[PDB]
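Encoded as structure tokens, the structure appears first; notes follow it.
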Amino acid sequence: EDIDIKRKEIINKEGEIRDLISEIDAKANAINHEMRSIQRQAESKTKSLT
Amino acid sequence: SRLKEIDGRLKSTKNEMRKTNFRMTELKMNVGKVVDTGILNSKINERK
Amino acid sequence: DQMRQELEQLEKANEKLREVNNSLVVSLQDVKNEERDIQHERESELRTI
Amino acid sequence: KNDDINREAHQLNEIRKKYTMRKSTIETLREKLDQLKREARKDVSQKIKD
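Taken in order, these protein sequences are the chains called A, B, C and D.
If you're matching positions, the first sequence starts at 399 in the authors' numbering and goes up one per residue.
If you're matching positions, the second sequence starts at 728 in the authors' numbering and goes up one per residue.
If you're matching positions, the third sequence starts at 437 in the authors' numbering and goes up one per residue.
If you're matching positions, the fourth sequence starts at 697 in the authors' numbering and goes up one per residue.
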């Protein structure tokens, strides 16, 4: 039962790791979108906005 | 229809995630009982 | 003890599955840009009408 | 990492259980030699009386 509870704990930890890496991938997509938008903004940042 | 297709794909990916969770659980239940107690070699020592 | 080989094979299969679904979930925010664009177009058309 | 350390602790307990099975081997070997001496006692006495 000790082995069993340790294995259930590490399975919960693996699930939490999967959730964390999915959130990390979502944040990477968000940072890529923010980088391309700020690149467009730096390209368009001129007088009369164009 | 495009957003319907993408939410269907999201449901399919969720089903694949559940399948991978089931695979992890069965791999755990398989490797958990490898060298636990089946090392009874007294009979084969007597035999040898 | 012998099935540990098929077990590590299934672990590699789970690795390939997680990598393909990670490459799939990063293909779900590209349509967010186009849906935001079309919703902005609809907002502009309601402002026009 | 805690999973790894408790797993190696469980492995050390398993090789500690290797002394338990080693203790039972000399225990069942005692029964084996006792049965051998019992079956030989009924044989040498049988040959003597024969």
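Don't be surprised by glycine CBs; every beta carbon is placed ideally from N, CA and C.
Check your understanding: Can you find a C-beta in chain A that's less than 7 angstroms from the C-beta of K755 of chain B?
Key -> yes
Practice item. Can you tell me which of the three DSSP states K443 of chain A falls into? Key: coil
Practice item. Kindly indicate if chain C contains any beta-carbon less than 7 angstroms away from that of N410 of chain A. Key: no
Exercise for review: May I have the straight-line CA-CA distance separating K746 of chain B from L446 of chain C, to the nearest angstrom?
Suggested key: 12 angstroms
Point to revise | Proximity test, Cβ basis, 7 angstroms: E773 of chain B and chain D | key: yes
Practice item. Could you name the residues of the region 412-429 of chain A whose beta carbon sits closer than 9 angstroms to any beta carbon of chain C, in the order they occur along the chain? Key: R416, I419, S420, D423, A424, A426, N427 and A428
Practice item. Please state if the CB of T740 of chain B and the CB of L460 of chain C are separated by a distance shorter than 7 angstroms. Key: yes
**Study point:** Residues of the region 462-485 of chain C whose Cβ lies closer than 8 angstroms to any Cβ of chain B, in chain order
**Key:** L464, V467 and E471
Check your understanding: How about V761 of chain B and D473 of chain C: are their beta carbons less than 7 angstroms apart?
Key -> no
Point to revise | CB contact below 7 angstroms: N457 of chain C versus chain B | key: yes
Exercise for review: Mind listing the chain B neighbours of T724 of chain D? Cutoff is C-beta to C-beta under 7 angstroms, in chain order.
Suggested key: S769
Check your understanding: With a cut-off of 7 angstroms, does the C-beta of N702 of chain D fall near any C-beta of chain A?
Key -> yes
Practice item. Can you tell me which of the three DSSP states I766 of chain B falls into? Key: coil
Review point. What is the DSSP secondary structure of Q465 of chain C, reduced to helix, strand or coil?
Key: coil
Review point. How many angstroms separate the CA atom of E444 of chain C from the CA atom of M433 of chain A?
Key: 39 angstroms
**Study point:** Through-space distance from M717 of chain D to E735 of chain D, alpha-carbon basis
**Key:** 27 angstroms
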